[PDB]
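Quick look at data13.cif (mmCIF, C-alpha atoms):
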data_input
#
loop_
_atom_site.label_atom_id
_atom_site.label_comp_id
_atom_site.auth_asym_id
_atom_site.auth_seq_id
_atom_site.Cartn_x
_atom_site.Cartn_y
_atom_site.Cartn_z
CA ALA W 2 3.26 -16.90 -12.75
CA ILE W 3 3.77 -13.50 -11.13
CA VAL W 4 6.40 -11.48 -12.99
CA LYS W 5 8.80 -9.09 -11.25
CA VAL W 6 8.99 -5.46 -12.33
CA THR W 7 11.40 -2.68 -11.26
CA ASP W 8 11.94 1.08 -11.71
CA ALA W 9 14.05 0.31 -14.77
CA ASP W 10 11.49 -1.62 -16.82
CA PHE W 11 8.19 -0.47 -15.32
CA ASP W 12 7.06 1.81 -18.16
CA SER W 13 8.06 -1.03 -20.48
CA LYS W 14 6.00 -3.82 -18.87
CA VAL W 15 3.08 -1.56 -17.86
CA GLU W 16 1.89 0.08 -21.09
CA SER W 17 -0.50 -2.12 -23.03
CA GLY W 18 -3.51 -3.97 -21.70
CA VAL W 19 -4.60 -4.56 -18.13
CA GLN W 20 -2.08 -5.17 -15.35
CA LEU W 21 -2.47 -5.51 -11.59
CA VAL W 22 0.66 -4.28 -9.83
CA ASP W 23 1.35 -5.52 -6.31
CA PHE W 24 3.51 -3.14 -4.23
CA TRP W 25 5.02 -5.16 -1.41
CA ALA W 26 8.10 -5.61 0.75
CA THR W 27 9.73 -8.42 2.73
CA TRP W 28 8.90 -6.85 6.11
CA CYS W 29 5.21 -6.65 5.18
CA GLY W 30 3.21 -9.37 6.93
CA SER W 31 -0.15 -8.93 5.22
CA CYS W 32 1.65 -8.83 1.88
CA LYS W 33 2.82 -12.38 2.54
CA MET W 34 -0.82 -13.20 3.28
CA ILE W 35 -1.95 -11.84 -0.11
CA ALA W 36 0.81 -13.51 -2.15
CA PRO W 37 -0.90 -16.93 -2.54
CA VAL W 38 -4.18 -15.23 -3.44
CA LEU W 39 -2.44 -13.45 -6.30
CA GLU W 40 -0.75 -16.61 -7.59
CA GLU W 41 -4.22 -18.13 -7.92
CA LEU W 42 -5.80 -15.00 -9.42
CA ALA W 43 -2.92 -14.88 -11.90
CA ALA W 44 -4.06 -18.28 -13.16
CA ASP W 45 -7.72 -17.31 -13.48
CA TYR W 46 -6.74 -14.42 -15.76
CA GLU W 47 -4.03 -16.00 -17.88
CA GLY W 48 -4.28 -14.22 -21.23
CA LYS W 49 -6.71 -11.64 -19.87
CA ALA W 50 -4.57 -9.69 -17.37
CA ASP W 51 -0.97 -9.64 -16.15
CA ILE W 52 0.00 -9.61 -12.49
CA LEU W 53 3.27 -7.95 -11.50
CA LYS W 54 5.16 -7.50 -8.22
CA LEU W 55 7.22 -4.44 -7.31
CA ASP W 56 9.33 -4.46 -4.14
CA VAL W 57 9.01 -0.92 -2.74
CA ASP W 58 12.34 -1.06 -0.87
CA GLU W 59 14.31 -1.74 -4.03
CA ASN W 60 12.17 0.51 -6.27
CA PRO W 61 11.14 3.58 -4.24
CA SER W 62 10.76 5.96 -7.16
CA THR W 63 7.95 3.99 -8.80
CA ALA W 64 6.31 3.72 -5.36
CA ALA W 65 6.66 7.48 -4.97
CA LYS W 66 5.32 8.21 -8.46
CA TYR W 67 2.02 6.47 -7.68
CA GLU W 68 1.63 7.82 -4.16
CA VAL W 69 2.00 4.38 -2.57
CA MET W 70 2.29 5.25 1.13
CA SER W 71 1.20 2.08 2.91
CA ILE W 72 1.18 -1.54 1.76
CA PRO W 73 -0.02 -3.84 0.53
CA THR W 74 -1.36 -1.60 -2.23
CA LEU W 75 -2.59 -3.01 -5.52
CA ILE W 76 -3.08 -0.81 -8.55
CA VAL W 77 -4.95 -1.68 -11.71
CA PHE W 78 -3.36 -0.30 -14.86
CA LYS W 79 -5.00 -0.08 -18.28
CA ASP W 80 -2.94 0.99 -21.29
CA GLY W 81 -0.29 2.43 -19.01
CA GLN W 82 -2.69 4.40 -16.80
CA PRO W 83 -3.64 3.69 -13.17
CA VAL W 84 -7.44 3.25 -13.12
CA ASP W 85 -8.13 1.58 -9.77
CA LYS W 86 -6.59 1.06 -6.32
CA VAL W 87 -7.00 -1.56 -3.61
CA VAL W 88 -5.47 -1.26 -0.13
CA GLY W 89 -4.81 -3.89 2.53
CA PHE W 90 -5.67 -7.59 2.49
CA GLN W 91 -8.46 -8.62 0.09
CA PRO W 92 -9.93 -12.08 -0.68
CA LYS W 93 -9.72 -13.56 -4.19
CA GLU W 94 -13.36 -12.63 -5.01
CA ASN W 95 -12.93 -8.90 -4.37
CA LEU W 96 -9.78 -8.70 -6.50
CA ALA W 97 -11.41 -10.51 -9.42
CA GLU W 98 -14.37 -8.17 -9.06
CA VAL W 99 -11.96 -5.26 -9.55
CA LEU W 100 -10.32 -6.76 -12.64
CA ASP W 101 -13.56 -7.66 -14.45
CA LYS W 102 -14.58 -4.06 -13.87
CA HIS W 103 -11.80 -3.08 -16.30
CA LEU W 104 -11.54 -5.93 -18.81
#

Now, as a test, write the supplied structure out as structure tokens.
Amino acid sequence: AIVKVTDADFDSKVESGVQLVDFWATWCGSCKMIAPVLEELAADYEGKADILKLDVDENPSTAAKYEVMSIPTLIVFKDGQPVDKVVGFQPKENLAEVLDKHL
């Protein structure tokens, strides 16, 4: 459902279409809270948008490149460009509202 992305293949996976990238970490409690919401959202947009996860501890440069200071942080990419940003916990509705705003 939710595909993993790293510093090595980021530019590769995030370049065409709309992607929602979830910056998280194992020590992040609210990130664990958002996880299930994303797995569901990922289903609602199968074929419309891709949902990726990037562990900031193992991929700090990509986190640095997009100014991700706190987490969870979710960034909406369109054709390789960051076009929207969501911080902290957010219910399914709000996240879908952000995606439709770019599809």

Problem set entry | Top pick for closest residue to residue W:34, considering W:72, W:2, W:84, W:15 and counting all atoms listed in the file |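 Nearest to residue W:34: W:72.
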
Problem set entry | Which residue of W:56, W:68, W:47, W:41 approaches residue W:20 most closely, using only C-alpha atoms |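 Between W:56, W:68, W:47, W:41, the residue approaching residue W:20 most closely is W:47.
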
What would the selection look like, as a compact mmCIF listing (two decimals) with C-alpha atoms, in the coordinates of the input, if the PyMOL selection byres ((chain W and resi 48) around 12) were run on the coordinates I just shared?
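Once written, expr-v6.txt looks like this:
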# COMPACT_ATOMS: atom_id res chain seq x y z
CA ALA W 2 3.26 -16.90 -12.75
CA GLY W 18 -3.51 -3.97 -21.70
CA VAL W 19 -4.60 -4.56 -18.13
CA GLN W 20 -2.08 -5.17 -15.35
CA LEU W 42 -5.80 -15.00 -9.42
CA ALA W 43 -2.92 -14.88 -11.90
CA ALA W 44 -4.06 -18.28 -13.16
CA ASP W 45 -7.72 -17.31 -13.48
CA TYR W 46 -6.74 -14.42 -15.76
CA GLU W 47 -4.03 -16.00 -17.88
CA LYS W 49 -6.71 -11.64 -19.87
CA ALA W 50 -4.57 -9.69 -17.37
CA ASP W 51 -0.97 -9.64 -16.15
CA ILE W 52 0.00 -9.61 -12.49
CA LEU W 104 -11.54 -5.93 -18.81

Exercise. What is the atom CA of residue W:75-atom CA of residue W:62 distance in Å, reported with one decimal?
Worked result: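 Separating atom CA of residue W:75 from atom CA of residue W:62 is a distance of 16.2 Å.
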
For this session: Point out the residue among W:57, W:100, W:69, W:29 with the least atom-to-atom distance to residue W:88, counting all atoms listed in the file.
Result: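 Comparing W:57, W:100, W:69, W:29 against residue W:88, the winner is W:69.
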
Exercise. Between W:96, W:103, W:80, W:90, which one has atoms that come closest to residue W:16, using only C-alpha atoms?
Worked result: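 Under the stated criterion, the closest residue is W:80.
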
For this session: For residue W:59, please output as a ChimeraX atom specification all residues within 10 Å (counting only C-alpha atoms; exclusion window: fewer than 5 positions along the same chain).
Result: /W:7-8,26,64

For this session: Identify, on the basis of all atoms listed in the file, every residue whose closest approach to residue W:99 does not exceed 9 Å; exclude the query and any residue fewer than 4 positions from it along the same chain; express the result as a list in words.
Result: residues 77, 85, 86, 87, 94, 95 and 103 of chain W

Exercise. Quick one, how far is atom CA of residue W:79 from atom CA of residue W:35?
Worked result: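 Computing it gives 21.9 Å between the two atoms.
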
Exercise. W:83, W:89, W:53, W:70: which is nearest residue W:30, counting only C-alpha atoms?
Worked result: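 Closest to residue W:30, using only C-alpha atoms: W:89.
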
Exercise. If you measure from atom CA of residue W:28 to atom CA of residue W:73, what distance in Å do you get, rounded to one decimal?
Worked result: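 Here the two named atoms are 10.9 Å from each other.
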
For this session: Check the smallest atom-to-atom distance from each of W:27, W:60, W:91, W:13 to residue W:74 using only C-alpha atoms, then report the winner.
Result: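 Closest candidate: W:91.
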